[PDB]
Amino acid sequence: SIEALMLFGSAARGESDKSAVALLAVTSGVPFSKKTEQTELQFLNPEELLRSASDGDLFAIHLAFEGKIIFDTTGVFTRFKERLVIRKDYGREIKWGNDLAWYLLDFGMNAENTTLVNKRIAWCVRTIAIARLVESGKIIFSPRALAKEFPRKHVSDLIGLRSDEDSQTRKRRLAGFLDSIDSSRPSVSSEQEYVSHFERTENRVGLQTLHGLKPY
C-alpha cells in the first residue's frame, strides 16, 4: 500500500556532494522516516501531503518543482499539485528561521552536538533565502543557486558549501549573516525566554532544536 514514490532533494537535481538520497513514499494510514548514512526514506499519507500543498509549505513547493515521480498508482501527486497554493507572504517562515538563528548564535555555538548546531544553522539560512526568493517569484532550492540568488554575507559557508572551524569563527560568520539581512534578535535574553517566544510564535523547529540540544 505504498501508492506513490518520488525522488526529491539533491539527487532529484542531480547533485552529489555533502548529499543524501531522499525518497518520499505516499502510503495510507501512516509520517515517519528511516535513514542510513546516505539514504532517507520519508513516509506521508495523502492527507498530510495535500495539506502541505494547501499550506504552501516550502517543502511542498520543492516536491512540485523538482520532485521526480518514480510511480504513482492513485494519482495522488496530481491531486497534490492541484492543491498547491504558493503564498505571497512567507514572513512567518522567515521569522521562524531568523529567531532560531539568534537562539543558536546566543546559546548554541559551544554546544556538544556541533553537527546538529551546524545543520540547524544551515536550515535557518536556507529557509530565509528560499522563502525570500519565493516571495520575489523565484523557486530556488539548490544550495549552490541559493548563494548566488540570495547574496548575503557567508551564505555559502553557512549552508555547508564551503566546514570544520572553531566556535569563535562559526559564531562570527553567523553574526555577519544576521547583520547582512538587517536581522534583530527577538525581545528575549535567556534560554527560557526563547522557549516562551518559540511557543507564542509557534516555532516548531525552534522548539525541536532547543530541546534537541538538551535539507532537500
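Start at 1 and count along the sequence shown; that's the residue number.
Exercise for the section: Count, per the entry, the deposited residues between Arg162 and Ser163 that are not modelled, and return the matching class: none, 1 to 3, 4 to 9, or 10 or more. Expected result: The entry leaves 1 to 3 residues without coordinates here.
Exercise for the section: Averaging the C-alpha B factors as listed in the entry, name the stretch that ends up higher: 95 to 103 or 110 to 118. Expected result: The recorded data point to 110 to 118.
Exercise for the section: Take the C-alpha B-factors listed in the entry for 143 to 151 and for 166 to 174, compute each mean, and give the stretch with the larger one. Expected result: In the deposited entry, the stretch with the higher C-alpha B-factor mean is 166 to 174.
Practice task
Please work out which residue in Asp179, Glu48, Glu66, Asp55 has the highest C-alpha B-factor recorded for this crystal structure.
Solution key: Reading the PDB entry, the winner on C-alpha B-factor is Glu48.
Practice task
Sort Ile61, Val188, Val30, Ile70 by C-alpha B-factor from the entry and give me just the highest.
Solution key: Reading the PDB entry, the winner on C-alpha B-factor is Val30.
Exercise for the section: Looking at the entry's B-factor column for C-alpha atoms only, identify whether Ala20 ranks in the lowest, middle or highest third of its chain. Expected result: As the PDB entry reports it, the C-alpha B-factor of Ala20 lands in the highest third of its chain.
Exercise for the section: Please place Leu5 in the lowest, middle or highest third of its chain by C-alpha B factor as given in the entry. Expected result: Middle third, going by the recorded CA B-factors of the chain.
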